[PDB]
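One chain follows as structure tokens, the form deposited in one PDB entry.
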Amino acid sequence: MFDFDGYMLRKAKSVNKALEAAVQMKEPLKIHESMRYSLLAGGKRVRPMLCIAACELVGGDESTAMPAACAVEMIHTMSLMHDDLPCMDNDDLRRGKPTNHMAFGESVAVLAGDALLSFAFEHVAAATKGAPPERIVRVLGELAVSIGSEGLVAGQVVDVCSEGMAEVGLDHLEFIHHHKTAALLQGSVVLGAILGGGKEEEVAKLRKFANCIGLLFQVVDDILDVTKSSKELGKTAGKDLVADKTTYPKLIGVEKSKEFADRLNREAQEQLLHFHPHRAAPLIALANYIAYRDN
């Protein structure tokens, strides 16, 4: 039997403890305080857990993947800090507290965000131990590609340039969700699998798996946005409706979105048949968590 609540509990604890050690208070104080305010506030740490679990699945250990795991959470964090700003979604709550720019000003929120992004690269490059240099370099490139113009940033810019697009298509919406959300999730699964010593074939199967849950994470985000309150979600919820935004609860409605999430999950766990079921248990569990979480 696999106790998923127990597993995530201790993986998240381990991750939160390393995030705190990696990003200490030091001069300039306000920049670092702002970095820690949003990073250590309190996310589910799905991305760093996926990175560690994929590393473990292929043979490696947590310690080798912890820096990359922390790095994906740093980049994920600054992407929410930047997403919340007035020129972007202009929100007032994130991770249960006022949004970064409300607490430090827009200037500091932008810069603190930029610091987390650069530091994620510094940190995986200099803190990773137990991997050949050529393997670290490779990981740095997968990370870079998963968050730039063919990844996270593209989905995010296409999202704000298609926020009034009344002529929405499944193809267009798929582009946004895959890039804006699935790309960083793929990257987290991929960095772990490569740092774990995985063979090309296992990496490719995990990339596909990650692609599914990646897309699934955004469908579920879109659904929560309309069925959960801001207090519950820890962030401003309900503004995706009032906006001409592109989501699934839009094109097919909540229910048809739910069924869709189910298939995605199903399809993701199917890619996992590549591995022995005892070993796949954690990723199978993270997959369900992504499907059935409440926030």
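Don't overthink the numbering: it's just position in the shown sequence, from 1. So that the term is clear: the rigid core is the largest set of C-alpha atoms that superpose within 1.5 Å between two forms.
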{"query": "Cross-entry absence of residue 234, a third or more of other PDB entries", "finding": "yes"}
{"query": "Residue 243 not built in a third or more of the other entries", "finding": "yes"}
{"query": "Mean temperature factor over C-alpha atoms, higher-scoring stretch between 73 to 81 and 131 to 139", "finding": "131 to 139"}
{"query": "Given 259 to 267 and 246 to 254, the range whose Cα B-factors average higher in the PDB entry", "finding": "246 to 254"}
{"query": "Residue selected from 163, 114, 122, 106 by maximal Cα B factor", "finding": "163"}
{"query": "Member of 30, 235, 26, 45 with the greatest C-alpha B factor (per the PDB record)", "finding": "235"}
{"query": "Residue 226 CA temperature factor, ranked by third within the chain", "finding": "highest"}
{"query": "Third assignment of residue 173 from its chain's C-alpha B-factors", "finding": "highest"}
{"query": "Ranked against its chain, the third holding the CA B-factor of residue 41", "finding": "middle"}
{"query": "Third of the chain's Cα B-factor distribution that residue 158 belongs to, per the entry", "finding": "highest"}
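There is another form of the same protein, the form deposited in another entry; it is not shown, and what comes next is about it.
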query: Residue 217 C-alpha moves between this form and the one not shown by 2 Å or more, core aligned; finding: yes
query: Rigid-core frame, C-alpha of residue 40, shift of 2 angstroms or more between this form and the one not shown; finding: no
